Ligand SMILES: O=C(O)c1ccc2cc(-c3n[nH]c([C@@H]4O[C@H](CO)[C@@H](O)[C@H](O)[C@H]4O)n3)ccc2c1
Ligand SMILES: O=C(O)c1ccc2cc(-c3n[nH]c([C@@H]4O[C@H](CO)[C@@H](O)[C@H](O)[C@H]4O)n3)ccc2c1
Ligand SMILES: *Cc1c(COP(=O)(O)O)cnc(C)c1O
Ligand SMILES: *Cc1c(COP(=O)(O)O)cnc(C)c1O
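Protein chains in written order, with the entry's author numbering: chain A, 12 to 254, 261 to 314, 324 to 836; chain A', 12 to 254, 261 to 314, 324 to 836. A prime marks a further copy of an entry chain.
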């Protein structure tokens with residue numbers, strides 16, 4: 012049908028049909044009389060999987076023969092979403108599979124909707140890992156993602172009476188056709204025990220053993236026949252575990274709970290023992306696998331020439347002392363040599379500066395669970411502080427600030443300090459964030475070792491986030507500038523030559539309108555809600571957190587409602603305001619924010635005077651597959667975190683690539699997006715980082731804003747008095763009290779500029795031609811935000827390897 | 012190579028090779044450079060599985076179209092063993108697969124040894140269910156086996172310092188290629204709650220729900236292209252289960274524990290709540306599936331014309347009140363009509379008379395777990411006793427003896443009484459056992475309803491238990507009388523015409539000698555033990571239980587040792603005495619018996635005066651795959667239970683078919699085996715049932731035997747004084763005390779006759795020609811003990827269906 016989806020040749024279509032029928036019969040054990048739609052989905056998935064396996068085997072053989080430096084990306088989260096369509100895109104099979112299934116009397120889009128998201132992450136951090144795997148394969152790097160195969164991923168969100176309810180995400184219930192269990196590479200992981208000191212050195216003895224069983228998932232690159240591996244570990248009890262008899266077998270569940278469930282926190286450190294076990298489990302299994310692969314080509327001097335380990339925040343920070351443990355205790359390297367190898371092998375990426383997100387583990391927990399690792403950490407600390415003291419003699423407060431060990435009621439280990447000490451490179455994830463690291467939280471470390479500190483601005487894969495989710499846009503671009511941009515996104519700059527082309531302007535606007543109609547129809551069918559598709563689609567989708575300021579958006583929505591009620595017969599640009607995202611189950615204020623959004627919706631959506639001029643919709647169960655539907659349909663992207671809090675953001679980039687304009691603060695990657703597009707093509711408002719600092723020095727007093735802004739005062743009175751909760755008048759008192767007295771994120775301070783800026787958005791939307799010209803200027807300058815650019819920078823500047831766009835043979 | 016293994020045609024061999032390579036590449040994702048032997052096993056299993064699926068689909072379609080009466084065999088145990096070789100035998104693929112694998116450079120026998128036993132039973136009861144499934148498919152019955160998919164089957168037995176240690180049987184660790192998950196037929200099962208009485212009738216409300224997910228395994232018939240289904244249920248928590262958040266997800270394990278592990282008891286009722294949950298789980302899921310299939314062809327009058335439910339002991343006895351519950355509470359049938367349907371649908375097979383094996387559930391457990399079922403049981407009881415009182419007016423003691431409710435400190439439900447009341451047929455499993463049922467434990471029931479009571483003597487499948495495990499014997503038989511006997515075992519009678527044929531005598535003896543050499547070599551390789559293969563192989567393999575009298579065998583072994591020590595330079599027929607079997611983990615005396623056997627071995631096997639004249643070997647981890655190796659190698663089969671205790675036995679039959687002579691009591695099916703072969707061709711000894719009864723009336727006094735038999739007294743003194751446990755002199759005091767004062771199974775009473783009978787065995791073994799002639803007379807008359815004969819009798823006399831040997835089209 013459309014060119015970017017590839018060729019549907021007669022021989023390919025015939026072969027796919029015959030393999031589809033083969034899998035239906037032999038793999039699924041069904042015929043066409045009893046087959047369900049889910050059976051047809053599986054028959055297609057197995058058919059497509061067959062095209063991966065030859066390439067997967069050949070890729071891994073190629074790495075064995077050439078022995079390149081291997082890159083190991085360690086993460087507690089990989090937010091993969093669905094695999095079927097992405098695999099077809101990367102193998103150039105989409106049109107052929109569409110035709111094959113069409114000839115069999117089936118609709119491939121319907122079959123795609125049956126697949127479960129692999130929801131093994133919380134949001135941006137986990138999704139970044141997934142984009143990165145795609146880019147590493149597309150750039151021909153010998154890369155492996157290592158994580159945990161959680162039985163239950165991020166919870167499914169239901170809304171009941173306007174409140175979030177959680178249910179378990181039993182994503183493996185029907186099977187996962189993409190993974191391959193590799194029980195033969197099962198490895199032991201040790202916990203508890205104690206340390207014995209012999210004449211041979213230290214020995215970690217009397218431990219409890221849990222087995223780590225790997226499951227491998229293929230990661231195809233874009234049309235280059237490279238298929239890399241994501242290896243995820245699952246916890247298994249040994250067969251003699253606890254071995261009355263029946264209880265001993267039932268108690269195997271205690272060991273196997275390590276891989277049972279993803280902790281559903283975003284930017285919040287809980288400090289639970291089970292989480293620490295997960296972190297060690299992934300590190301310990303991964304490092305043994307790394308060392309095994311290294312030996313199967324004594325001389326650990328070459329280890330950093332053959333191995334790079336990238337730590338995705340501090341969650342796998344135990345890799346540093348575990349590598350030391352293996353090299354010193356088991357391989358018998360001297361301490362100094364082991365440390366040289368460790369530092370040259372490891373690099374650390376920081377993804378947040380929020381104090382509540384930083385991992386600080388109590389010493390008593392580490393002492394019980396990982397006694398040898400605690401000894402190694404103390405020795406690392408003593409040697410590190412010896413260097414600090416030599417560089418800054420007499421600066422005793424610096425020694426306490428830089429220590430890996432924090433004093434207090436409970437002593438804790440600061441895992442970020444450990445990562446900096448044991449890594450040859452430390453990076454932030456957007457220019458402003460990397461600068462904040464050097465100026466504030468890691469200032470002392472930057473002064474000791476300035477050469478370590480780098481920036482690597484985040485990116486997104488244009489395969490999933492343009493070609494897959496928005497084929498109509500991909501196609502109209504390809505008609506003008508060809509297909510090369512899909513693996514070289516900088517080529518989108520060529521679209522600046524079409525900003526005054528009437529045909530291109532029309533086509534850009536038509537694709538958006540089609541995506542809006544398709545999304546409006548999705549909302550009616552799956553959720554029985556009716557929206558005006560000629561309205562401006564104003565979208566804020568991301569996890570619910572005070573720093574992301576969904577509350578500021580709520581204040582604007584109420585403002586627009588109150589303005590309509592005051593002058594009902596005045597024209598206003600119609601909007602559909604859509605907010606979605608999950609709250610962590612223990613985060614009370616986040617749950618109250620969800621309830622506020624649905625309560626505003628209950629009033630606004632049923633007021634006959636408003637009509638279809640304003641609708642407020644809470645999008646339930648926001649996840650990767652829903653992002654693929656709503657992002658292409660958006661007109662306005664809300665990126666409104668308090669300056670200095672969103673380390674980068676990546677949703678911002680997805681919206682830019684898909685033809686939405688951005689309203690946002692000068693935070694994270696928003697700064698660089700505005701720089702690339704031109705500030706005149708971005709709706710920038712609010713305090714800069716420097717203005718937030720100036721308010722903090724004087725002291726933030728929310729009452730001042732309340733006193734001076736009548737429109738704001740009206741909203742707070744409506745919230746307090748029960749206007750949005752008539753049956754429960756005090757329902758929102760916690761929200762009002764927080765805004766008025768304890769607001770760390772200064773919602774009222776940006777209210778006036780935000781509302782004024784929103785008025786400018788409305789003004790531009792009334793001139794469709796000029797709106798669309800501005801959109802073109804955004805799409806055309808989005809090239810920098812390809813994760814292919816990001817990964818090429820990590821490769822050259824951190825890992826010491828050269829990317830390649832060359833194809834392996836088919 | 013050998014004819015009974017089928018044809019190896021060039022086209023078949025070529026096709027198997029190409030599919031093997033296809034599965035290695037696409038299914039397993041390996042090439043020949045990295046493939047392990049386990050990978051080759053899986054590639055072969057998938058290749059053979061492909062030949063089943065066309066037949067499986069066609070068989071189930073055929074039943075849908077013809078709508079025959081369906082037979083549902085309900086069991087808590089299916090002791091299947093390995094599937095690969097059995098599948099090849101039943102599809103006539105064995106020689107073709109041997110050739111195909113040979114051409115690929117692989118040894119198929121080595122690959123067969125990689126497969127795990129499906130150990131989902133304890134012993135005879137579970138294995139009988141497996142033989143029965145094979146016979147039902149071979150006889151073309153529309154039959155389904157329904158059970159539980161235990162995650163952990165019967166434990167793996169290790170012997171450490173002569174003691175049994177248990178380890179978990181993690182049989183699913185590498186995957187099971189034979190099963191197919193059917194998550195689409197998942198059904199809810201209810202527990203706890205309470206009963207509400209409305210004007211519409213009773214309602215069971217406020218229940219906890221567990222989901223039952225079915226896994227289907229194909230059951231191929233012998234060369235008839237019929238493939239039936241074994242459906243096993245696995246427990247799953249619903250997604251809203253317990254829905261802080263993390264603990265709620267972890268606590269899903271409480272529901273899922275229902276299918277976690279097989280209770281490892283043989284003939285011993287423990288009475289644990291988890292076991293009751295297992296029993297209801299299997300019944301409730303199965304009955305819904307049955308009713309669904311019945312409706313998918324209001325009128326339950328035809329239900330018993332389309333459905334038969336066979337209850338394998340009382341373990342699924344809750345099927346009776348569950349069927350009543352569904353018909354009365356949900357379908358709104360009147361009680362009397364529902365009862366008529368239930369009785370005509372259900373039939374009960376009893377497999378034991380031991381008092382400690384009979385299920386008697388406390389009322390307080392049923393009241394909490396299954397409150398509606400308890401109400402229905404009480405109503406069944408009241409109506410049943412009303413009939414008893416009308417038939418035997420004034421007989422108040424009969425009313426108390428026959429009640430389903432037993433009075434006492436704790437009130438209990440007698441599940442056997444429930445099964446008799448609610449079934450149209452009740453059978454025992456050997457003639458003597460069925461007679462015991464009518465004369466003793468069910469005498470009252472027999473007097474009320476004599477027409478209900480039947481016999482169905484047990485059998486074994488000649489596919490697994492001759493063709494598969496002893497191809498050399500199958501072949502030499504086929505050379506004389508053709509292949510038809512494999513599905514018509516009565517044809518073995520034709521071998522009586524060869525009892526004086528010198529060539530046949532030679533061949534029978536040669537096959538035994540080959541099997542003995544092969545087994546002697548297996549023992550050296552896997553267990554580092556050396557045996558004389560010219561010795562008489564004296565074998566007792568079965569679960570360890572006081573009633574089976576492994577202790578009587580021990581007394582004979584010590585007797586032979588003491589006789590050698592007394593006259594070292596006298597000739598004695600050399601023996602290798604092999605004893606194997608598992609003890610239930612909580613059964614202390616059974617564990618002590620294992621320790622005694624290994625302790626006797628420690629003395630006997632290292633005495634230089636004995637030499638290779640006597641060896642005592644404990645065969646570790648006895649299970650179906652070990653039975654297939656040792657049974658063909660045996661000369662003497664030990665079947666020495668106290669008369670009246672072994673309901674049938676089936677190991678006895680396996681040994682008879684494979685060319686061993688039997689030493690045994692007139693117990694269970696031993697009576698019928700002796701009748702078929704002629705008493706002159708059997709080594710019968712000991713008390714008959716009537717003699718045991720006479721001793722019980724006078725009172726058993728073990729001291730009398732001790733006082734009168736010097737050889738017995740010497741053994742007891744050796745045990746007591748520490749001769750077999752020099753480091754721990756009192757180790758065996760519990761055994762001595764039991765034998766002398768509390769022996770329910772009268773070991774000393776059969777000692778003299780047993781030893782004398784063993785002397786006659788030795789005498790015959792010295793004349794190989796006459797030994798072999800007697801063997802031929804046993805093999806030739808073993809036809810009655812085919813499970814095909816057993817199943818044909820159930821079909822005609824209980825289920826009301828006609829067996830068929832006709833082939834479905836290929
Ligand atoms: O469960 C926990 O203990 C825990 C603790 C901290 C956590 C921090 C994060 C986390 N830190 N930074 C992040 C996000 O990472 C993205 C990719 O670079 C950034 O675009 C985004 O601005 C940032 O908020 N997520 C996620 C889960 C966590 C879970
Ligand atoms: O775990 C329990 O509660 C429990 C209770 C009773 C049990 C009884 C048996 C059981 N009863 N009879 C049997 C065996 O069934 C075979 C097939 O008909 C007979 O050949 C054999 O003589 C008999 O002992 N096993 C098995 C497991 C049990 C488990
Ligand atoms: C991209 C993405 C995120 C991150 O969005 P931000 O606006 O950068 O927080 C979160 N969740 C999902 C499902 C995503 O696809
Ligand atoms: C046949 C068999 C049994 C039953 O043997 P009996 O001697 O009848 O108790 C027990 N276990 C296994 C593994 C079997 O094959």
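For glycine and all other residues, C-beta sits at the position ideal for the given N, C-alpha and C.
Is residue 681 (chain A') near ligand 2, judged by its Cβ being under 6 Å from some heavy atom? no
In angstroms with no decimal places, state the Cα-to-Cα distance between residue 219 (chain A') and residue 249 (chain A'). Roughly 10 Å between the two C-alpha positions.
Boundaries of the alpha helix (DSSP H) in which residue 816 (chain A') is found, first to last residue: 813-820
Name, going along the chain, the residues of the region 177-189 of chain A' whose beta-carbon falls closer than 9 Å to a beta-carbon of chain A. Those would be 177, 178, 179, 180, 181, 184, 185 and 186, in chain order.
Spell out whether any CB of chain A is found under 7 Å from the CB atom of residue 611 (chain A'). yes
Can you tell me whether residue 372 (chain A) is helix, strand or coil according to DSSP? Reduced to three states, the DSSP call for residue 372 (chain A) is strand.
Which one or two residues does DSSP pair with residue 689 (chain A') in a beta bridge? A':664 and A':709
Which bits of chain A' does residue 195 (chain A) rub up against, with CB to CB less than 8 Å? 47 and 49
What number of angstroms, rounded off, separates the C-alpha of residue 615 (chain A) from the C-alpha of residue 609 (chain A)? 9 Å
Within 10 angstroms of its Cβ, does residue 5 (chain A) collect 16 or more other Cβ (buried), or is it exposed? Within the shown structure, residues of chain A are numbered from 12 to 836, placing residue 5 (chain A) beyond reach of any answer.
Just checking, does the region 597-604 of chain A' make contact with the region 634-643 of chain A' on the three C-beta pairs under 8 Å criterion? Contact between the region 597-604 of chain A' and the region 634-643 of chain A' is established, with three or more Cβ pairs separated by less than 8 Å.
According to the Cβ coordinates, are residue 60 (chain A') and residue 236 (chain A') closer than 7 Å? When the beta-carbon positions are compared, residue 60 (chain A') and residue 236 (chain A') stay at least 7 Å from each other.
Taking Cβ-Cβ distances shorter than 7 Å, what residues in chain A' pair up with residue 42 (chain A)? 68
Are residue 278 (chain A') and residue 159 (chain A') closer than 7 Å when you measure CB to CB? no
Taking 6 Å as the line, does the beta carbon of residue 787 (chain A') fall inside it for any heavy atom of ligand 2? Checking every heavy atom of ligand 2 against the Cβ of residue 787 (chain A'), none is found closer than 6 Å.
Interface flag, residue 274 (chain A') vs chain A, CB-CB below 7 Å: yes
I want to know whether the region 758-773 of chain A touches the region 719-734 of chain A - three or more CB-CB distances under 8 Å. Using a Cβ-Cβ distance cut-off of 8 Å, the region 758-773 of chain A and the region 719-734 of chain A are in contact, since at least three pairs of beta carbons, one from each stretch, lie closer than that value.
Determine the direct distance from the alpha carbon of residue 629 (chain A) to that of residue 566 (chain A), and round the result to whole angstroms. Here the alpha carbons of residue 629 (chain A) and residue 566 (chain A) stand approximately 20 Å from one another.
Look at residue 385 (chain A') and residue 286 (chain A') and say whether their C-beta atoms are less than 7 Å apart. When the beta-carbon positions are compared, residue 385 (chain A') and residue 286 (chain A') come within less than 7 Å of each other.
Below 7 Å between beta carbons: does that hold for residue 93 (chain A) and residue 126 (chain A)? yes
Taking residue 679 (chain A) and residue 485 (chain A) to be in contact with their CB atoms under 8 Å, please state how far apart those CB atoms are, rounded to whole angstroms. So it is a contact: roughly 7 Å between Cβ atoms.
Pair within 7 Å by beta-carbon distance, residue 115 (chain A') and residue 164 (chain A'): Not closer than 7 Å, so no.
Take every Cβ of the region 66-76 of chain A', pair it with every Cβ of the region 35-47 of chain A', and state whether three or more of those distances are shorter than 8 Å. no
Give me the chain A' residues within the contact set of residue 261 (chain A), using Cβ-Cβ distance strictly less than 7 Å, ordered along the chain. Chain order gives the chain A' residues near residue 261 (chain A) as 611 and 612, where near means a beta carbon separation below 7 Å.
Going along the chain, which unbroken runs of the beta strand (DSSP E) with 3 or more residues stay wholly within the region 541-617 of chain A'? 562-567 and 601-606
If you drop the 5 nearest sequence neighbours on each side, which residues of the same chain put their C-beta closer than 7 Å to that of residue 655 (chain A)? 545 and 548
Partners in chain A for residue 854 (chain A'), counting only beta-carbon separations shorter than 9 Å: Lying before the first or after the last residue shown, residue 854 (chain A') is absent from chain A', which here runs from 12 to 836.
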